[PDB]
Structures are given as C-alpha cells and as structure tokens.
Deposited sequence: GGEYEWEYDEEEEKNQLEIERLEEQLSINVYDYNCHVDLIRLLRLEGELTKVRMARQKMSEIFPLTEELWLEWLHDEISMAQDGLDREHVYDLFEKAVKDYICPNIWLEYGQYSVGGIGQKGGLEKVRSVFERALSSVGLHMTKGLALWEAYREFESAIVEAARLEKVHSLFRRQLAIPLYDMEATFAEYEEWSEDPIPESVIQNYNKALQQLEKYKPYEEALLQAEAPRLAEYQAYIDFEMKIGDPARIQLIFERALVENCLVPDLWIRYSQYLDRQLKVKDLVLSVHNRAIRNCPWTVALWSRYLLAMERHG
C-alpha cells in the first residue's frame, strides 16, 4: 500500500497548494509521514504548519518529543530549546513548560545547565504558577529538582506556593509541616489562610467551568468579570489566557483582552498578545488596527 499512501500524500499536498489554510489537511499530511518514517518531510510539514497556525499543546509536544530524541549534541540541544521558545508563545501551556523543565534537567551537565533549569521553572511559574488546577505540578517539579541537589530554596518554594490559592494546597501545607524540621512562621500561616479564603471564593467559578460544556465561553466571561472586579493584573491576565486556550477563534475575546491591555508598563506583553490575536483571527480588521495602534503607542 505504498503507492496508495503516496497517492494520498500527493492529494493532500495538492489540496494544500490549492488552500494552505486547511488545518486538518496539514494534520492528516503530518500524521501519515510520521508513520511512514519520512522524517525529513514530517519536519518540513510541521515547520510550514506552524508558520500558518498557532498549535495546540498536543501538536507541539509530538514535535518536541521527536526532536528531543533526534538531538545528539549540544548544538542540536540548543535548536530543541529554540523549538520550545517557539512552542510556548501560542497559548498558555503548563505541559509544555513541564517538558521544557524536564528536558533542561536532562541537559544539566551543559555549561550553565543549572541556571538554565532555574530560568525555565521561574518563567513557567510566571506564566502558569497561579493556575488553580495545573500550576501545582510545576511547583512540585521545581521543588523535586531543587531537593535533588541540596536546602533553603526548597523552603522558599514551599512558602511562595502556600501564599497562592491552588487545589490540594491543604496537602502541600501538611507536606511542608512533616518535611520542615522547624515550624512554619506566622506570616506564612497568615498568607496561607488568606490563600484558603481566595480558594473558597474562586471554587464556584472553577466548578462552573468544570460543569459547563466546552468551550464554556459564558463561564469564562463570568470568571473574567469576577477577576476584573477583583483587579489583580496577574490574575486577570491568567483568566483571559485560560479562556483563550478554548476560545481562540472568538475575536470579541481577543478585543476585550486588548481593551484591558490598553489600560496598562507592559510593551512586550501587549505586542505579543496582538500578534497572537491576528494569528488566531486574521480576518478581524479591528485586531490588526489595534495591533498597529499598540505599536505606535509603545514605539
């Protein structure tokens, strides 16, 4: 069935030359070639797809996994890091960050390898460390890394985490008590209580998301309203980003994120968000207008 396959490879290719904006054709084309072992054409197809489209976490991770295995030396490794840097730009991506962290720990023996690992985890925590269901895996991964080389930094990460509302933060408090020789300070006990209060406050909104059907737009918009009432810029940014993972083809959501950012010392953030907006909703003239106004405003 090689001739059968090659025929449908050529058909999909012709269909892409007819219309490059056919997402499923790209995916179908790439799926074949990975099985067929045409490693060169798979990489080229992935490169071309990723120029045209923002990719989901799953699509990125399939690519990254193949490239990790094929990387043999320090230079190949750097090109894999370049691929991670491209990968993390599209949407918030806790699993890509976890894999970036693990790959970096794999390269610990590179010169500067320790700094690279800590940079990766700190950057991950900056993006997803407040994520109520998915942030905890990154705090735990970072603590397991820091433990495996000591141990004040592990105290730091327990205490930093416990100031933040996350699911299973009760278990982390118990863990920290049992782990710590000394007892936990009062300030950290006080912030933990404040964080538990926050957690309870957010629980109805999280439950609404989990209960509602995908892509749960109304439940996201209500959560966004709620966080915008509360006013923490990091939290507002996070909820927009969570909503956009599932609602990336909704121009109104990007526009709302853009309006919020028009009221902010954050040039790099503003311009990266607008680029992502036009990659996801390229037919929306208002988003292109907004992107160019933002560039002028920040020039």
| note | Gaps vs the deposited sequence (1-based, no CA atoms) are 1-10, 161-164, 279
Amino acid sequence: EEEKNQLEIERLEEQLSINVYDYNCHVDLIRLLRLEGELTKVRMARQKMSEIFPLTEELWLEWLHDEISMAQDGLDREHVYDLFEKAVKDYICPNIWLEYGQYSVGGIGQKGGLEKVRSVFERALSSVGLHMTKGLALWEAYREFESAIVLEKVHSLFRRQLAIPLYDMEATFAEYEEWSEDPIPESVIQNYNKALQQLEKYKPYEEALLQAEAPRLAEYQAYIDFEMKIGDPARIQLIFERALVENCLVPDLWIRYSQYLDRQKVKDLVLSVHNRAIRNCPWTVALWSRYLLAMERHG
From here on, numbers count along this sequence of modelled residues.
| query | If you average the CA temperature factors over each stretch, which comes out higher, 211-219 or 74-82? | reply | 211-219
| task | Taking the mean of the C-alpha B-factors per stretch from the entry, tell me the winner out of 106-114 and 179-187. | result | 179-187
| query | Between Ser17, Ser289, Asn280, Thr284, which one tops the list for C-alpha B-factor in the PDB entry? | reply | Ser17
| note | When the entry's CA B-factors for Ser126, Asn95, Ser119, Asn193 are compared, the highest one belongs to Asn193
| query | What third of its chain's C-alpha B-factors does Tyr100 belong to: lowest, middle or highest? | reply | lowest
| remark: Chain thirds by Cα B factor, record data; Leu271 belongs to the lowest
| If you rank the chain by CA B-factor, which third does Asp90 end up in: lowest, middle or highest? | lowest
| said: Lowest, middle or highest third: which one holds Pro54 when the chain's residues are ordered by CA B-factor from the entry? | reply: lowest
| By the record's CA B-factor, is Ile230 among the lowest, middle or highest third of residues in the chain? | highest
